[PDB]
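Heads up, the Cβs are rebuilt from the backbone with ideal geometry, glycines too, and the neighbour counts pull from every protein chain shown. Quick note: the coordinates plus some simple rules give every number you see, no bench work behind them.
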Amino acid sequence: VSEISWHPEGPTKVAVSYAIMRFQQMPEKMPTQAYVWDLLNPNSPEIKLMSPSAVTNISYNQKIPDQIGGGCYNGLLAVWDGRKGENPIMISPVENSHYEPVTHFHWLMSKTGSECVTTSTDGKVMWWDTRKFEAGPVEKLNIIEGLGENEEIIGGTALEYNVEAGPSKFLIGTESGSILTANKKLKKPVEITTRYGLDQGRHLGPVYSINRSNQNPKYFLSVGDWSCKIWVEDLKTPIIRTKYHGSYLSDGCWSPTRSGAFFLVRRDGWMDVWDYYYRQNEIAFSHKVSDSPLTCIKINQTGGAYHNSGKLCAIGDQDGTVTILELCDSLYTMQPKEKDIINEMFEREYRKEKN
Amino acid sequence: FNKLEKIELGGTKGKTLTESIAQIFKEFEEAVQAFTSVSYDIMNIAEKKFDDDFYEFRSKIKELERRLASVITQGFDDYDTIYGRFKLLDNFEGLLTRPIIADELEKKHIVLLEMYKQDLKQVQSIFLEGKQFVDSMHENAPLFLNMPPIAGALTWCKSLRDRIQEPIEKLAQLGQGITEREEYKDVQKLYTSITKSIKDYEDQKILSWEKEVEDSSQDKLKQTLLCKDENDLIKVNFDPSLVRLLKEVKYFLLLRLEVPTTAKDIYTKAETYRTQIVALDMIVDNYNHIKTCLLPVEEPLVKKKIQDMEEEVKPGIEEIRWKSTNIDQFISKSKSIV
């Protein structure tokens, strides 16, 4: 289960896309379909989404209810409707589509009509229009690193976009381990305004997940190789590096309800929750979801019925099983003065880093 | 003391440590106010009153230094990581109070060296379990997401190698002959042994890969396009291995080191090969639909139109050889007839 997404209206439906990231380990003519599960009945998927090729990443769109957009292994971009499922209504042109498997697929919420930005392994980043796929993506950007006269194209494995950050700033994580921010401009097609960890922040392994806490937009944590790091908006180096971990961390996401605690899922099948409110030095707790490696972790936002924000977390195993874990009420519920304490500690850490 | 006030470590526990540091900075200012007032004095050689003040001031500096040693020791234990502890040392690099703080630093250096021993052992133990899976190309392998398996092993080795050597540059920075310490020397021997094993594995991969690249060159030269089954459903016969070899070369450029020999021409046309395959794929899908989706009554009614296309594409399949591609013209005639 390469990517897991949550229903925008509430945590009642989860969309999971299945594909094999191993190079040439996928059997010829293997099944390439996406199933959207329902919390009420877990025996089988409520609806089935059929695509020409396996979809690496599928995410829900808040702007249009029950609309799912995914990136195929071939690099084709497809859109499905949650209510009817079946075949995909919108498919991008193959040749004009970016080469290699899609790495990340996200929906830009700052538009009258939903738009999707796709970052993948060809070292390019493209912005697409759902209403008018037309002749390829509207904007094409190659992730050159180091500027100057030395240009090397490095594939981007992570794309981070937030409403608080706005449409102006896009966060991208390269295969080399550096993070590049691209700012869309009416005047010039694309600008790589900031390079993150060019010298001291380079990750040993390619960055897989880049996320920013919902409570504070300025602080965003990138999970790369053994240990995920947290960087401030204007500092090239990471503000805080947390320990080291067994195997590698496939995906780490901030808790929407509480800024202080962020969850990282390792490739050893163990998920560990890091809470900075109580102890910065050690993991709050470690849980083994399954023997199989955890490919990705998604945390629900907003909510309805008996489920509050951050109560349910969905983690996708390498085996293909998807498990929803109900977090403890104390962990999800904001603790007294958590927002004030985290801001003071983060600002203090940022000041120490500047010195 | 002025430098100490500016320091903002912001590591592990916060504010309470800063408040203690702020009081220590104030404590130094209070001593300056006593000494700072300097009634009479003015460093007179004849006056011995200043010397008495110096001794009182000497005790105050020692009290300030003693508090700094305690706070510094607590912070080092709190970080719990070699990188985190090292960062704290850089902040206080100019704040060491000579011998008072220096004695505490020696105790800190052995603890930091011990931590690197655990990381080296953990990397090595992880490496051995990971190495067996990578060689057999087993599922849930160390290589991240999807990448060429032979190319990925070299990239994976580099990530492990980078983690091991990040501390060594920082370690060489430490003064007071920490190198002389036998414990430090033992850790260095362990690090050298781990690096040598990784290179051999990389050399086997690159060595074995080099031989595979020579075999792969032949596959591109003699694949062509092959039609299979009773129905003439022509499909690209480009060896799936070629795709891995071409994608394999791009990863090597990202990891630098030494590029393959004679794989450049393939990498030179790598962009062209991708464009040609997409164009070739579209006509093949179009050419198969007419071949097998045609109605039974339709084919008999106009056999000549379908047969001419087959005769037209019959030479094209024979023509196929990645050695020289004239598919743009081949494509224009084939797409228009298809």
For the subset of the stretch B:251-269 comprising residues that are surrounded by 18 or more Cβ atoms within 10 Å (Cβ to Cβ) and over 17 Å from B:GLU214 (Cα atoms), which member is nearest to the other protein chains (Cβ to nearest Cβ)? B:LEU254
Just give me the residues in the stretch A:85-141 being surrounded by 21 or more Cβ atoms within 10 Å (Cβ to Cβ) and among the small types (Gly, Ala, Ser), in sequence order. A:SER92, A:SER97, A:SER120, A:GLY123
Residue, nearest to B:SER197 (Cα to Cα), within the stretch B:142-158, restricted to residues that are facing chain A (nearest Cβ under 7 Å) and hydrophobic (A, V, I, L, M, F, W, C): B:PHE144
So, restricting to helices (runs of 4 or more DSSP H) that lie completely within the stretch B:1-79, which ones have at least 1 residues that are closer than 19 Å to A:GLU349 by Cα, touching a residue at least 60 places away in the same chain (Cβ under 8 Å) and within 14 Å of chain A (Cβ to nearest Cβ)? B:2-6, B:49-79
Checking B:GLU230, B:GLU214 in turn, the sole residue that is outside any helix (DSSP H, G or I), more than 30 Å from B:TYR83 (Cα to Cα), away from every other protein chain (no Cβ under 14 Å) and acidic (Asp, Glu) turns out to be B:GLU230
Sort out for me the strands (runs of 3 or more DSSP E) sitting completely within the stretch A:148-191 that have 1 or more residues that are crowded, with 16+ Cβ neighbours inside 10 Å and either within 14 Å of chain B (Cβ to nearest Cβ) or in contact with a helix residue (DSSP H, G or I) (Cβ under 8 Å, 6 or more places away or on another chain) (or both). A:156-160, A:169-174
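Can you name the residue in the stretch A:308-343 that is of a type in the set (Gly, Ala, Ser) and in contact (Cβ under 8 Å) with a residue 24 or more places away in the chain and, of all such residues, is surrounded by the fewest Cβ atoms within 10 Å (Cβ to Cβ)?
Here is the first cut: in the stretch A:308-343, the residues of a type in the set (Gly, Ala, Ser) are A:309-310, A:314, A:316, A:320, A:330.
This time we only want the ones that are in contact (Cβ under 8 Å) with a residue 24 or more places away in the chain, so: A:309-310, A:314, A:316, A:320.
Working: A:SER309: 19, A:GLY310: 24, A:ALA314: 22, A:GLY316: 28, A:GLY320: 11.
The residue in question is A:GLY320.
Kindly evaluate A:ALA305 against the criterion of being more than 12 Å from every other protein chain (Cβ to nearest Cβ), touching a residue at least 60 places away in the same chain (Cβ under 8 Å), surrounded by 15 or more Cβ atoms within 10 Å (Cβ to Cβ) and out of contact with any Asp or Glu (no Cβ under 7 Å at 6 or more places or on another chain). Before you say what the answer is, go through the steps one by one.
Working: more than 12 Å from every other protein chain (Cβ to nearest Cβ): yes; touching a residue at least 60 places away in the same chain (Cβ under 8 Å): yes; surrounded by 15 or more Cβ atoms within 10 Å (Cβ to Cβ): no; out of contact with any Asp or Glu (no Cβ under 7 Å at 6 or more places or on another chain): yes.
Judged against the criteria, A:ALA305 is not a match.
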Does B:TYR184 meet the test of being away from chain A (no Cβ under 14 Å), crowded, with 17+ Cβ neighbours inside 10 Å and under 19 Å from the mean Cα position of the chain (by Cα)? no
Would you confirm whether any residue within the stretch B:285-292 is over 30 Å from B:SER217 (Cα atoms) and β-branched (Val, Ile, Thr)? yes
In the stretch A:22-39, which residues are β-branched (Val, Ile, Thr) and either within 14 Å of chain B (Cβ to nearest Cβ) or assigned to a strand (DSSP E or B) (or both)? A:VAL36
Which number in (1) within 30 Å of B:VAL338 (Cα to Cα); (2) within 38 Å of the chain's Cα centre (by Cα); (3) not in a helix (DSSP H, G or I) marks the one condition that B:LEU257 misses? (1)
Among the numbered conditions (1) over 26 Å from B:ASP162 (Cβ atoms); (2) crowded, with 16+ Cβ neighbours inside 10 Å; (3) of a type in the set (A, V, I, L, M, F, W, C), tell me where B:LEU233 comes up short. (2)
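A quick yes/no check of all residues on (1) under 17 Å from B:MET147 (Cβ atoms); (2) free of Cβ contacts under 8 Å to residues at least 60 places away in the same chain; (3) touching a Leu at 6+ places or on another chain (Cβ under 8 Å):
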| position | (1), (2), (3) |
| --- | --- |
| A:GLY85 | no, yes, yes |
| A:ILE89 | no, yes, no |
| A:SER92 | no, yes, yes |
| A:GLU100 | yes, yes, no |
| A:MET109 | no, yes, no |
| A:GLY113 | no, yes, no |
| A:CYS116 | no, yes, yes |
| A:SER120 | yes, yes, no |
Filter the stretch B:169-181 for residues that are surrounded by 14 or more Cβ atoms within 10 Å (Cβ to Cβ) and among the aliphatic types (A, V, I, L, M); the one that is nearest to the other protein chains (Cβ to nearest Cβ) is B:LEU171
Suppose we keep only residues that are closer than 17 Å to B:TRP209 by Cβ and hydrophobic (A, V, I, L, M, F, W, C) within the stretch B:108-141. Which one would you say is farthest from the other protein chains (Cβ to nearest Cβ)? B:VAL134
What pairs come up if the first residue lies in the stretch A:23-37 and is free of Cβ contacts under 8 Å to residues at least 24 places away in the same chain, the second is among the small types (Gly, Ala, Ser) and in a loop (DSSP other than H, G, I, E, B), and their beta carbons are under 8 Å apart, counting only those six or more places apart or on different chains? A:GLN33/A:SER51
Tell me yes or no: at least one residue of the stretch A:271-281 is over 16 Å from the mean Cα position of the chain (by Cα), part of a strand (DSSP E or B), away from chain B (no Cβ under 14 Å) and among the hydrophobic types (A, V, I, L, M, F, W, C). yes
Residue by residue through the stretch A:273-291, note down the ones that are under 24 Å from B:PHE133 (Cα atoms) and of a type in the set (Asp, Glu). A:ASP291
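Provide a single number: the residues in the stretch A:328-343 that are over 16 Å from A:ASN308 (Cβ atoms) and in a loop (DSSP other than H, G, I, E, B).
Total meeting the criteria: 2.
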Qualifying residues in the stretch A:84-100 (those that are among the acidic types (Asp, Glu) and in a loop (DSSP other than H, G, I, E, B)) - the one farthest from the other protein chains (Cβ to nearest Cβ): A:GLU100
Is it the case that the stretch A:126-146 has a residue that's within 14 Å of chain B (Cβ to nearest Cβ), small (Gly, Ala, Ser) and not in a loop (DSSP other than H, G, I, E, B)? no
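Suppose the filter is small (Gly, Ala, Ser) and more than 14 Å from chain B (Cβ to nearest Cβ); does A:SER330 pass it? Spell out the reasoning first.
On the way: small (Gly, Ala, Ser): yes; more than 14 Å from chain B (Cβ to nearest Cβ): yes.
Yes.
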